[PDB]
């Protein structure tokens, strides 16, 4: 129905857009560089369109990427995506290992409220704020980190991951408390408690080791799981997600023990998600066919359930159940890819009429802490599954809609597993030249205006801009030149030492020098304006993205010879600020924008 291989290819690439510094050599994202290099634990993924490392959904996401490989890794070699998926997973797992503090782990990097208040690119955030870290032993977060490492250890044949999976599970299981999990409250609060994470982690450890202690542990946790409302049934009227993986764990335990209790649960849970429902109870459905669990991230939930439904259907023999669960799963993936009332993809950079304004700071590429400027994103966030439409299938592609246009690690995670299943069956060819190079716009440049003209001086207002985005970055040794023709000075009988440079304004905190007037060739002379710490010119807000200087170059008062109209850098200047290519910008001795007199 769709090129599922291309969808998969893009859906994986999304995680490379999320990578924190240092980036691996193989990162394919031209607009991402090393970022947050001062973090207490390096690497791993930014969670969403923000720059926080939230370990609970991060580890959940990694676990689900592992699960995708565990089920379908062998079945997808024609898509050419296995190695991409593997190394993207390893990048996250390496971070979870690096978080170890023995009796505790680093479980968060960045303050949610502080991070979210600012809108700008990953690579420049350290100019705006200083990022804290958080340590604890919350059973949910540590149990999820254990689970991710347990499945990772299988699919990546890695004994280190298994060692740390066991370290973390033991800690989580001994602690039996979420009390030290606080830094993520209101962002990724532990809602369901921690028994489901212990179940999920122990189940994966059983599947990793075959050690029956882990199966016995797993089975011991089931009576501690939350009930469905006031009944005695284990809760089933929700989705497998970052907060609660018991749903998927029950499916895995149905396959592993073959016990009827696990099969009964899986069928009750999945039936509730299907159009036919479960004895009169059913998830809300949009008229367009999307199972719509909640206001936030409906596509995330429905596509994750699609993965669970595929795995369960593939693990059973009943033809009617297999067809019912398969059709449900494929229907939800196809809705996300364009089988909906608007015939449109909900995956950035894929299919027909994809979203172009995901709520994602670094893909946007602002310079001044605004969402509305630039009005179009500078970068393509390929593969990102957005939050999706409302309950009535309504949707508009708007950067301001932080619900419908949300993007996140956990949104993509189960989705990857479901695309693995579909490309395994249907094939499809990935895009050969992927990703294609972006059209860039100008990054470092001067905007200038005639601030005042006089019969004996020129006064310039000049703004040296850093609107970098490919990737956003900092240049320390920034300078620009203002070129003049002094022919008329010499012809009137004056000399270079008769011309005075003065300053009428220089912006606070921008350490700057202006050179003496310097000979280029013939009668062509220039001044260079140098910012000693040019990194302070950075795309982090209204004040910082450019440095303003007003300089005056003046012949003696009363003289009548000064002629700016033959000066190279005066060309095209008006009384309103405008970008000019005739005041070239330099990084050290290397010209990075503009033109010089006489060219190359």
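Numbering follows the first chain given and starts at 1.
For the segment pair 414-422 and 258-266, the entry gives 258-266 the higher mean B-factor, averaged over Cα atoms.
Relative to one another, 286-294 and 117-125 have unequal mean CA B-factors, and 117-125 is the one with the higher figure. The PDB entry assigns the greatest CA B-factor among 171, 403, 399, 148 to 171.
Between the residues 361, 473, 163, 476, it is 163 that shows the highest Cα B-factor in the PDB record. Sort the chain's modelled residues by C-alpha temperature factor and residue 246 lands in the middle third, per the entry. When all modelled residues of the chain are sorted by CA temperature factor, residue 84 is found within the middle third. Per-chain ranking of the deposited C-alpha B factor places residue 560 in the highest third.
Per-chain ranking of the deposited C-alpha B factor places residue 582 in the highest third.
Residue 206: CA B factor lies in the highest third for its chain, per the PDB record.
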